[PDB]
Protein chains: 4
Amino acid sequence: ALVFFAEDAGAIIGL
Amino acid sequence: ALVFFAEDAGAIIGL
Amino acid sequence: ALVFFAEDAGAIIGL
Amino acid sequence: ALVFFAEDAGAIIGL
Ligand code: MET
Ligand code: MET
Ligand code: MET
Ligand code: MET
């Protein structure tokens with residue numbers, strides 16, 4: 001599984 | 001919807 | 001890239 | 001945060 005980051009403030013973190 | 005970035009090397013883009 | 005589904009109603013779709 | 005499922009075979013879980 002990869003770590004994905006979005007910005008929305010702070011980081012939205014997808015595992 | 002958000003733009004997500006991972007890396008694995010280079011970037012991996014998520015929508 | 002994988003298609004990810006969550007439920008929140010309808011499907012939240014991650015590309 | 002949501003629970004996401006993909007498949008690739010078997011399930012791939014995202015948080
Ligand atoms: C697994 O790879 C997962 N963290 C991907 C982002 S959350 C759908
Ligand atoms: C929509 O925002 C999509 N790019 C990400 C859904 S959360 C896994
Ligand atoms: C790429 O694999 C992408 N669709 C994963 C879910 S959105 C972060
Ligand atoms: C939080 O909801 C996390 N499991 C998914 C973030 S959107 C890629």
Side-chain angles (χ1 to χ4, degrees):
Chain A
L2 300 168
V3 183
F4 281 89
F5 305 93
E7 61 95 10
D8 173 74
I12 308 298
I13 310 175
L15 309 184
Chain B
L2 301 176
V3 186
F4 287 82
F5 271 57
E7 71 87 46
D8 185 72
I12 309 285
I13 304 169
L15 307 178
Chain C
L2 300 168
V3 183
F4 281 89
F5 305 93
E7 61 95 10
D8 173 74
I12 308 298
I13 310 175
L15 309 184
Chain D
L2 301 176
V3 186
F4 287 82
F5 271 57
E7 71 87 46
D8 185 72
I12 309 285
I13 304 169
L15 307 178

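Each chain gets a letter, A, B and so on, in the order the sequences are listed, and its residues count up from 1. Ligands are counted one by one from 1 in listed order, and the atoms in each one are counted from 1 as well. When reading the values below, keep in mind they use all heavy atoms of this one structure, side chains included, and skip hydrogens, waters and symmetry mates.
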Rounded to the nearest 0.5 Å, the CZ atom of C:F4 sits from the CD1 atom of D:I13 at a distance of 9.5 Å
Joint cluster assignment, A:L2 & B:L2, ILVMFWY side-chain distance < 4.5 Å
yes
Closer than 4.0 Å to some heavy atom of A:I13 - which atoms of ligand 4 meet that?
3 (C), 6 (C)
Per-atom contacts, ligand 4 versus D:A1 - under 4.0 Å to a heavy atom
1 (C), 2 (O)
Non-hydrogen side-chain atoms of B:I12 and B:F5 separated by less than 4.5 Å
no
Quick one: does A:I12 get an N or O within less than 3.5 Å of an N or O on ligand 4?
no
Please indicate whether any nitrogen or oxygen in A:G14 is less than 3.5 Å from any nitrogen or oxygen in ligand 4.
no
For atom 4 (N) of ligand 3, which candidate among B:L2, C:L2, C:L15 holds the nearest heavy atom?
C:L15
Examine ligand 4 and decide if any of its atoms is less than 4.0 Å from a heavy atom belonging to B:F4.
yes
